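So this one's upload20.cif, mmCIF, C-alpha atoms:
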```cif
data_input
loop_
_atom_site.label_atom_id
_atom_site.label_comp_id
_atom_site.auth_asym_id
_atom_site.auth_seq_id
_atom_site.Cartn_x
_atom_site.Cartn_y
_atom_site.Cartn_z
CA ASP X 23 118.98 137.12 149.01
CA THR X 24 115.46 138.56 149.50
CA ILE X 25 114.46 142.05 148.39
CA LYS X 26 111.41 143.55 150.00
CA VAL X 27 108.99 145.93 148.33
CA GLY X 28 106.64 147.88 150.60
CA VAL X 29 103.26 148.48 149.05
CA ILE X 30 101.10 151.23 150.61
CA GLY X 31 97.52 151.25 149.46
CA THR X 32 93.91 151.37 150.58
CA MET X 33 93.58 147.73 151.65
CA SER X 34 90.43 148.07 153.81
CA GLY X 35 87.69 150.60 154.29
CA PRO X 36 85.76 152.70 151.83
CA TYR X 37 88.55 152.53 149.19
CA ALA X 38 89.43 148.89 149.81
CA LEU X 39 88.83 147.85 146.22
CA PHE X 40 91.65 150.08 145.00
CA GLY X 41 94.38 148.75 147.26
CA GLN X 42 93.18 145.24 146.86
CA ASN X 43 93.61 145.85 143.14
CA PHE X 44 97.28 146.72 143.73
CA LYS X 45 97.68 143.26 145.20
CA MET X 46 95.62 141.72 142.34
CA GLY X 47 97.90 143.31 139.75
CA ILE X 48 101.10 142.31 141.54
CA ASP X 49 99.69 138.79 141.91
CA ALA X 50 99.02 138.75 138.14
CA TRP X 51 102.60 139.84 137.46
CA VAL X 52 103.98 137.14 139.72
CA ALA X 53 101.63 134.48 138.20
CA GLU X 54 103.27 135.20 134.83
CA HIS X 55 106.81 136.16 135.79
CA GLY X 56 107.57 134.47 139.10
CA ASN X 57 109.11 135.86 142.26
CA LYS X 58 112.80 135.80 141.24
CA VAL X 59 115.06 138.20 139.52
CA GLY X 60 118.25 136.31 138.93
CA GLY X 61 119.10 134.82 142.31
CA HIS X 62 117.03 137.34 144.32
CA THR X 63 113.57 136.58 145.60
CA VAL X 64 111.27 139.59 145.59
CA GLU X 65 108.73 139.84 148.43
CA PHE X 66 105.86 142.32 148.49
CA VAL X 67 104.52 143.43 151.86
CA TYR X 68 101.31 145.45 152.18
CA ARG X 69 100.40 148.38 154.44
CA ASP X 70 97.00 150.04 154.77
CA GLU X 71 96.76 153.65 153.62
CA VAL X 72 92.99 153.72 154.55
CA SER X 73 92.23 157.37 153.71
CA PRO X 74 93.72 160.64 152.46
CA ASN X 75 95.46 161.06 155.79
CA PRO X 76 99.13 161.64 155.31
CA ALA X 77 100.21 160.95 158.95
CA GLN X 78 99.24 157.31 158.52
CA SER X 79 101.11 156.87 155.20
CA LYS X 80 104.23 158.69 156.33
CA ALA X 81 104.39 156.45 159.48
CA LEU X 82 103.85 153.36 157.30
CA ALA X 83 106.70 154.35 154.98
CA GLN X 84 109.05 155.05 157.88
CA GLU X 85 108.28 151.58 159.35
CA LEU X 86 108.88 149.95 155.95
CA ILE X 87 112.20 151.71 155.61
CA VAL X 88 113.43 151.19 159.20
CA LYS X 89 111.93 147.89 160.38
CA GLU X 90 111.20 145.99 157.13
CA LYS X 91 114.32 147.40 155.40
CA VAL X 92 112.56 147.58 152.01
CA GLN X 93 114.53 148.52 148.87
CA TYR X 94 111.41 149.86 147.06
CA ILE X 95 108.10 151.43 147.98
CA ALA X 96 105.09 151.26 145.69
CA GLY X 97 101.48 152.28 145.70
CA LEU X 98 99.93 155.43 147.12
CA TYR X 99 96.30 155.85 146.18
CA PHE X 100 96.00 159.49 147.33
CA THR X 101 98.05 162.50 146.25
CA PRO X 102 98.66 163.87 149.77
CA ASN X 103 99.95 160.48 150.96
CA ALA X 104 102.39 160.28 148.04
CA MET X 105 103.50 163.83 148.77
CA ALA X 106 104.23 162.96 152.42
CA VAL X 107 106.30 159.86 151.51
CA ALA X 108 108.27 161.47 148.64
CA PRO X 109 110.75 163.44 150.78
CA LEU X 110 111.84 160.27 152.61
CA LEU X 111 113.10 158.54 149.53
CA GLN X 112 116.44 160.01 148.60
CA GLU X 113 117.97 159.80 152.10
CA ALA X 114 116.46 156.29 152.60
CA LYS X 115 117.94 155.32 149.22
CA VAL X 116 114.53 153.83 148.25
CA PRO X 117 112.61 154.51 145.07
CA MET X 118 108.86 154.95 144.98
CA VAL X 119 106.80 153.54 142.13
CA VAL X 120 103.50 155.47 142.23
CA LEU X 121 100.54 153.27 141.24
CA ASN X 122 97.76 155.82 141.44
CA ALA X 123 98.31 159.29 142.98
CA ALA X 124 97.78 161.48 139.91
CA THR X 125 98.84 165.08 140.70
CA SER X 126 101.39 166.25 138.12
CA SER X 127 103.92 167.74 140.55
CA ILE X 128 104.40 164.52 142.52
CA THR X 129 107.24 163.30 140.33
CA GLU X 130 109.14 166.56 140.83
CA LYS X 131 109.41 165.99 144.56
CA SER X 132 112.19 163.40 144.36
CA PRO X 133 114.54 162.00 141.69
CA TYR X 134 113.62 158.49 142.87
CA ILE X 135 109.97 158.46 141.77
CA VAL X 136 108.52 156.77 138.69
CA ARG X 137 104.74 156.73 138.06
CA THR X 138 102.89 153.94 136.19
CA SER X 139 99.32 155.27 136.75
CA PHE X 140 98.28 158.58 135.08
CA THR X 141 98.00 162.30 135.74
CA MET X 142 94.94 164.43 135.89
CA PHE X 143 96.18 166.80 133.17
CA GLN X 144 97.01 163.78 131.02
CA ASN X 145 93.39 162.54 131.08
CA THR X 146 91.65 165.91 131.30
CA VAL X 147 93.15 167.67 128.29
CA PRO X 148 91.50 165.07 125.99
CA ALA X 149 88.28 165.39 127.98
CA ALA X 150 88.15 169.11 127.21
CA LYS X 151 88.87 168.44 123.50
CA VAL X 152 86.05 165.90 123.37
CA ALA X 153 83.69 168.21 125.23
CA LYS X 154 84.06 170.66 122.35
CA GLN X 155 83.75 167.94 119.69
CA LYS X 156 80.51 166.75 121.32
CA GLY X 157 78.96 170.22 121.09
CA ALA X 158 79.23 171.43 124.68
CA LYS X 159 78.90 175.21 125.03
CA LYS X 160 78.53 175.89 128.76
CA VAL X 161 80.26 173.66 131.24
CA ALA X 162 79.93 173.41 135.02
CA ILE X 163 83.11 172.03 136.63
CA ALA X 164 82.81 170.24 139.95
CA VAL X 165 85.99 168.79 141.44
CA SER X 166 87.17 167.55 144.80
CA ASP X 167 89.07 170.29 146.65
CA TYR X 168 92.60 168.86 146.73
CA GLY X 169 95.59 168.35 144.46
CA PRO X 170 94.23 166.23 141.63
CA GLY X 171 90.87 168.02 141.57
CA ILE X 172 92.62 171.37 141.27
CA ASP X 173 94.80 170.03 138.44
CA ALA X 174 91.68 168.73 136.62
CA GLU X 175 89.87 172.02 136.96
CA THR X 176 92.88 174.00 135.75
CA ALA X 177 93.48 171.69 132.78
CA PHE X 178 89.79 171.69 131.75
CA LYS X 179 89.30 175.43 132.01
CA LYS X 180 92.40 176.26 129.96
CA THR X 181 91.76 173.77 127.20
CA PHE X 182 87.98 174.18 126.88
CA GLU X 183 88.15 178.00 126.97
CA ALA X 184 90.83 177.99 124.26
CA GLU X 185 88.47 176.03 122.03
CA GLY X 186 85.82 178.70 122.56
CA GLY X 187 83.76 177.06 125.27
CA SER X 188 82.38 178.75 128.37
CA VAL X 189 82.91 177.58 131.97
CA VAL X 190 79.78 178.90 133.73
CA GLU X 191 80.49 177.42 137.14
CA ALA X 192 83.50 175.95 138.90
CA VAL X 193 83.10 174.41 142.35
CA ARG X 194 85.71 172.84 144.56
CA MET X 195 83.94 170.34 146.84
CA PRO X 196 85.62 169.49 150.11
CA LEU X 197 86.52 165.80 150.26
CA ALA X 198 84.24 165.56 153.30
CA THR X 199 81.26 166.19 150.98
CA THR X 200 78.70 163.36 151.13
CA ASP X 201 75.50 165.29 150.28
CA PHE X 202 75.62 166.05 146.54
CA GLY X 203 72.04 167.37 146.35
CA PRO X 204 73.09 170.98 146.83
CA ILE X 205 75.78 170.88 144.13
CA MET X 206 73.25 169.45 141.63
CA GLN X 207 70.94 172.34 142.39
CA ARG X 208 73.77 174.83 141.78
CA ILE X 209 74.59 173.10 138.47
CA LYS X 210 70.95 173.22 137.39
CA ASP X 211 70.89 176.91 138.27
CA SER X 212 74.03 177.62 136.22
CA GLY X 213 72.49 176.73 132.85
CA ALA X 214 75.30 174.39 131.96
CA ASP X 215 74.67 171.84 129.18
CA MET X 216 77.50 169.62 130.39
CA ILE X 217 79.29 168.86 133.65
CA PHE X 218 82.95 168.05 133.94
CA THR X 219 83.83 166.23 137.16
CA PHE X 220 86.59 164.56 139.09
CA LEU X 221 86.39 162.98 142.59
CA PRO X 222 88.63 160.13 143.80
CA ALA X 223 87.22 156.76 142.70
CA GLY X 224 85.17 155.35 145.53
CA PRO X 225 82.18 156.45 147.51
CA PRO X 226 82.54 160.09 146.40
CA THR X 227 82.27 159.22 142.71
CA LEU X 228 79.36 156.82 143.28
CA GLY X 229 77.59 159.46 145.36
CA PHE X 230 78.11 162.21 142.80
CA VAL X 231 76.94 160.18 139.81
CA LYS X 232 73.91 158.80 141.62
CA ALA X 233 72.87 162.36 142.62
CA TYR X 234 73.39 163.64 139.06
CA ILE X 235 71.06 160.91 137.75
CA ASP X 236 68.51 160.87 140.58
CA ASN X 237 68.03 164.65 140.68
CA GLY X 238 67.16 164.53 136.96
CA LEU X 239 70.04 166.41 135.42
CA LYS X 240 70.94 163.63 132.99
CA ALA X 241 67.34 163.28 131.77
CA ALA X 242 67.16 167.06 131.38
CA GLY X 243 69.96 166.90 128.80
CA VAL X 244 72.88 167.92 131.03
CA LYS X 245 75.62 165.65 129.81
CA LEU X 246 78.43 164.28 131.93
CA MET X 247 82.10 164.25 131.02
CA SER X 248 84.56 162.93 133.54
CA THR X 249 87.86 161.29 133.90
CA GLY X 250 87.59 157.49 134.24
CA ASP X 251 87.97 157.85 138.02
CA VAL X 252 84.27 158.62 138.06
CA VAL X 253 83.07 155.36 136.35
CA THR X 254 85.39 152.61 137.53
CA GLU X 255 84.16 149.18 136.36
CA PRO X 256 83.17 147.63 139.66
CA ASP X 257 80.81 150.51 140.36
CA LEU X 258 79.12 150.36 136.95
CA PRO X 259 76.50 147.85 138.30
CA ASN X 260 75.84 150.23 141.21
CA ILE X 261 75.39 153.18 138.95
CA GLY X 262 73.26 150.81 136.88
CA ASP X 263 71.76 151.20 133.45
CA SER X 264 70.99 154.85 134.08
CA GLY X 265 74.73 155.38 133.70
CA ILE X 266 74.55 154.43 130.04
CA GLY X 267 75.91 157.28 127.97
CA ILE X 268 78.22 158.84 130.54
CA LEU X 269 81.45 159.90 128.78
CA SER X 270 84.91 159.57 130.34
CA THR X 271 88.50 159.86 129.32
CA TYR X 272 91.04 157.40 130.77
CA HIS X 273 94.14 155.41 130.08
CA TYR X 274 92.66 151.97 130.96
CA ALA X 275 89.44 150.03 130.48
CA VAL X 276 88.89 146.44 131.50
CA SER X 277 87.19 146.13 128.07
CA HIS X 278 90.40 147.12 126.22
CA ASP X 279 90.70 144.91 123.14
CA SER X 280 94.32 143.75 122.80
CA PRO X 281 96.13 140.43 123.28
CA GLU X 282 98.07 141.94 126.16
CA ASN X 283 94.90 142.92 128.01
CA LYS X 284 93.34 139.50 127.39
CA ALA X 285 96.49 137.97 128.81
CA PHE X 286 96.42 140.31 131.80
CA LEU X 287 92.80 139.45 132.56
CA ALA X 288 93.61 135.74 132.51
CA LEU X 289 96.56 136.34 134.87
CA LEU X 290 94.36 138.34 137.23
CA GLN X 291 92.04 135.36 137.39
CA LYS X 292 94.95 132.93 137.79
CA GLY X 293 96.31 135.03 140.66
CA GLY X 294 92.83 134.71 142.30
CA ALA X 295 90.88 137.85 141.33
CA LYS X 296 87.32 138.20 140.13
CA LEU X 297 87.03 140.09 136.81
CA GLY X 298 84.15 142.05 138.20
CA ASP X 299 86.41 143.57 140.84
CA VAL X 300 89.18 144.68 138.42
CA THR X 301 89.97 148.26 137.71
CA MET X 302 92.69 150.75 136.87
CA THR X 303 94.94 150.36 139.91
CA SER X 304 95.57 146.73 138.99
CA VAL X 305 97.18 147.62 135.62
CA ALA X 306 99.31 150.35 137.27
CA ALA X 307 100.50 147.70 139.75
CA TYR X 308 101.23 145.17 137.04
CA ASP X 309 103.36 147.64 135.11
CA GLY X 310 104.85 148.88 138.40
CA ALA X 311 106.03 145.36 139.21
CA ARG X 312 107.59 145.21 135.73
CA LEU X 313 109.62 148.34 136.50
CA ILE X 314 110.63 147.07 139.97
CA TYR X 315 111.84 143.83 138.40
CA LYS X 316 113.83 145.85 135.84
CA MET X 317 115.37 148.01 138.60
CA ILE X 318 116.45 144.92 140.55
CA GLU X 319 117.91 143.40 137.38
CA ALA X 320 119.82 146.55 136.56
CA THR X 321 121.29 146.88 140.06
CA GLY X 322 121.95 143.16 140.60
CA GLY X 323 119.75 143.34 143.67
CA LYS X 324 121.97 146.00 145.23
CA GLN X 325 120.39 149.01 146.87
CA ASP X 326 121.39 151.66 144.30
CA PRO X 327 118.46 153.92 143.57
CA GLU X 328 120.24 156.18 141.08
CA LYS X 329 121.19 153.16 138.96
CA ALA X 330 117.69 151.70 139.35
CA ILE X 331 115.87 154.81 138.18
CA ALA X 332 118.31 155.24 135.28
CA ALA X 333 117.30 151.78 134.00
CA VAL X 334 113.59 152.67 133.66
CA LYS X 335 113.36 156.39 133.06
CA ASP X 336 113.04 156.10 129.28
CA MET X 337 111.81 152.51 128.91
CA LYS X 338 109.18 151.62 126.29
CA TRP X 339 106.94 148.54 126.41
CA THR X 340 103.43 147.27 125.73
CA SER X 341 101.10 147.40 128.73
CA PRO X 342 97.71 145.68 129.01
CA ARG X 343 96.40 149.25 128.59
CA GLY X 344 98.21 149.98 125.31
CA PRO X 345 101.71 151.06 124.20
CA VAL X 346 103.49 153.01 126.95
CA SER X 347 106.80 154.56 127.82
CA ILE X 348 108.40 156.59 130.63
CA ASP X 349 109.18 160.22 129.69
CA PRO X 350 112.61 160.89 131.21
CA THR X 351 111.86 164.60 131.66
CA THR X 352 109.04 163.81 134.13
CA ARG X 353 109.45 160.11 135.09
CA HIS X 354 105.75 159.76 134.26
CA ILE X 355 104.14 157.15 131.97
CA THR X 356 103.28 158.38 128.49
CA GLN X 357 100.25 156.49 127.20
CA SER X 358 97.12 156.66 125.12
CA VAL X 359 94.07 158.32 126.65
CA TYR X 360 90.83 156.85 125.40
CA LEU X 361 87.40 158.31 125.18
CA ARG X 362 84.85 155.87 126.53
CA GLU X 363 81.12 155.68 126.94
CA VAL X 364 79.26 153.60 129.49
CA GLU X 365 77.37 150.96 127.40
CA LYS X 366 75.98 147.50 127.63
CA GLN X 367 77.96 144.81 125.90
CA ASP X 368 76.94 141.15 126.03
CA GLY X 369 74.48 142.08 128.78
CA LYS X 370 77.21 143.71 130.94
CA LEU X 371 77.98 147.39 131.52
CA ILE X 372 81.40 148.41 130.29
CA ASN X 373 83.39 151.54 129.51
CA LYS X 374 83.49 151.11 125.72
CA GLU X 375 86.56 152.68 124.15
CA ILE X 376 85.37 154.72 121.20
CA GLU X 377 88.35 157.00 120.41
CA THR X 378 92.11 156.95 121.08
CA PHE X 379 94.40 159.95 121.75
CA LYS X 380 97.95 158.54 121.35
CA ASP X 381 101.13 159.37 123.21
CA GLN X 382 99.77 161.76 125.83
CA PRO X 383 102.48 162.98 128.22
CA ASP X 384 101.97 164.69 131.55
CA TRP X 385 100.41 167.93 130.15
CA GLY X 386 100.70 169.41 133.68
CA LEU X 387 104.50 169.58 133.42
CA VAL X 388 105.59 169.49 129.75
CA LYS X 389 104.42 173.05 128.84
CA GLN X 390 105.55 174.77 132.03
#
```
Please go through the file and, once you have read it, give me the structure as structure tokens.
Amino acid sequence: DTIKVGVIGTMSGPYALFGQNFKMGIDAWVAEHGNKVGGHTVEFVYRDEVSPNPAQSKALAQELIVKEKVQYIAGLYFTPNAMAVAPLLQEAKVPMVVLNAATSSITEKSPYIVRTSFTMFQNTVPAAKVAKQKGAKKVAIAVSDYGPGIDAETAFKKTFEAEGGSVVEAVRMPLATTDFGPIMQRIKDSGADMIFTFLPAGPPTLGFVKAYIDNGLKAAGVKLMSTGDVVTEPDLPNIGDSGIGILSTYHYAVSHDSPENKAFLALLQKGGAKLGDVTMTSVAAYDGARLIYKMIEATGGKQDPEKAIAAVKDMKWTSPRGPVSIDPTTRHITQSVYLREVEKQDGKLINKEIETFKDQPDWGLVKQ
């Protein structure tokens, strides 16, 4: 028969690159692995999340369940959208494979969730370790005022303070923030020698970074540490060469040097993508498709979400990003977190991986 997978992501609008990357990654998977599992054809259908507006995503999921009769849902760029869809899953008998939404507690909301992206704690704990290693003494934290921003702030404060550092300012910026001039002035005023930031990848991150540079903070010796959300590859040319030297921690770089990543890049191209448009949501989607294929294999194409999740919840494999596994205690992907620096390579700006922190779990859940 035919098994439908409903993919919710930001397919148009300000965040269009990120949902289009879900499709790019799925298309790469299918270019290499085909559209069959045994005798079942797998069909992906796409729905437009647009913005962090949970009414839209909840209505999309309900339509996918009721009218499309999907067996699996995947995607969810924004934490609040994933949170709104999660309670539907067990009674619909449909698992959700989360391909971005990074708040730690998401996986706790339903037994039928597995996440192939990352969490904020996962990437931020290394960021706070590196901040110390790089000599930071006084840090200003600026994060978007919603789930993943709050996680990032909490993770950074705890870790950095334990290493003896000082957090001299901590600001939660409403997501509606477009004018970053005033926050840069507050940061200047704080005396911080380094900023730690998270905003969702997209216009907010481009706006923040451009204001940090153009208001002179970077040239005044205020360093930037971020998660990799803040320096996604397709925006590096828009940041431009003034971005050189920005530090970020993240689980994936397009520049990752492994045979599996080289293969993945070729498949992205084969499936029709431009390398210059690739970023992290494509690798989450590629590995998400792997897990959906495994779930269909394990269930024989039957709608049996308990059996499906059981087949992936402690799987280990090699991703384009590095070695990975699912931690059964959280249903989240354990993975390396890399330190990177924005640099030119072969005349192109990249996030150059300069240190590896192996086997990072979801630090937001595993110590609680």
For atom CA of residue X:344 and atom CA of residue X:272, the interatomic separation in Å (one decimal):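 Interatomic distance, atom CA of residue X:344 to atom CA of residue X:272: 11.7 Å.
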Residues in the PyMOL selection byres ((chain X and resi 213-219) around 8), expressed as a ChimeraX atom specification: /X:158-165,190-191,209-212,220-221,243-249,252
Exercise: residue X:369 partners within 12 Å, only C-alpha atoms, chain neighbours under 3 positions left out, as a ChimeraX atom specification: /X:259,262-263,365-366,372
Answer key for the PyMOL selection byres ((chain X and resi 148) around 9), residues as a VMD selection string: chain X and resid 143 to 147 149 to 153 178 181 271 359 to 361 379 382
Close residues, stretch 118-125 of chain X itself excluded, 7 Å, all atoms listed in the file, min 4 positions apart in chain, as a ChimeraX atom specification: /X:94-101,104,134-142,169-170,173,303,306-307,310
Expected answer as a PyMOL selection string: all residues with atoms within 12 Å of (87.2, 168.0, 147.4), only C-alpha atoms: chain X and resi 74+164-175+193-200+202+219-222+226-227+230
Minimum-distance residue to residue X:48, chosen among X:292, X:370, X:80, X:131 (using only C-alpha atoms):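 Closest candidate: X:292.
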